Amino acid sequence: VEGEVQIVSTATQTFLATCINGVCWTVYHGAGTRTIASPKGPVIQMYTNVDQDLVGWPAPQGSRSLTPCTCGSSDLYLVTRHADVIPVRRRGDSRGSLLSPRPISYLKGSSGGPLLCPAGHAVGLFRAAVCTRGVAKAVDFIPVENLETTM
């Protein structure tokens, strides 16, 4: 059984990575320039793009790549590090509004995770939560188009 979404972890911080097109992607503000661990020693990032808050290593063992969205849809779903699914309406190229705002803690640690369209395909990586007073009401995300061109 392979996973598309790996739950990763720095000494000082914990987030997610999403595997898309054979790359294991995640957020720069979490990984930095770090290497991803492997049973054969540290592996270096294939891609670093501090501009778009994006790094990518080769996909690890026990992973399955996600397919890039072509649905064009505006009804996304955010998957949290607890495997919760959060419906999000899309507002812009890289912005979307929760259908039911959750406490900020609910979305915590779930950046680098996928935003999926109705077909399950990747629309983007959850990048940062937009809060009013501790209540996440919307999210920033790196649209998958960015990943595809970064390659």
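Position 1 is the first residue in the sequence shown; the rest follow in order.
Trainee: Mind pulling up the entry and telling me whether 49 to 57 or 115 to 123 has the higher mean Cα temperature factor?
Mentor: Going by the record's values, the stretch with the higher mean is 49 to 57.
Trainee: Would you determine, from the values in the PDB entry, which of 24 to 32 and 66 to 74 has the greater average C-alpha temperature factor?
Mentor: Comparing averages over the C-alpha atoms only gives 66 to 74.
Trainee: Of 11, 16, 19, 142, which one's C-alpha B factor is largest in the deposited record?
Mentor: If I rank 11, 16, 19, 142 by C-alpha B-factor, first place goes to 11.
Trainee: Sorting the chain's CA B-factors, does residue 97 end up in the lowest, middle or highest third?
Mentor: Answer is middle: the recorded C-alpha B-factor places it there.
Trainee: Sort the modelled residues of this chain by their C-alpha B factor and say whether residue 4 lands in the lowest, middle or highest third.
Mentor: Lowest third, going by the recorded CA B-factors of the chain.
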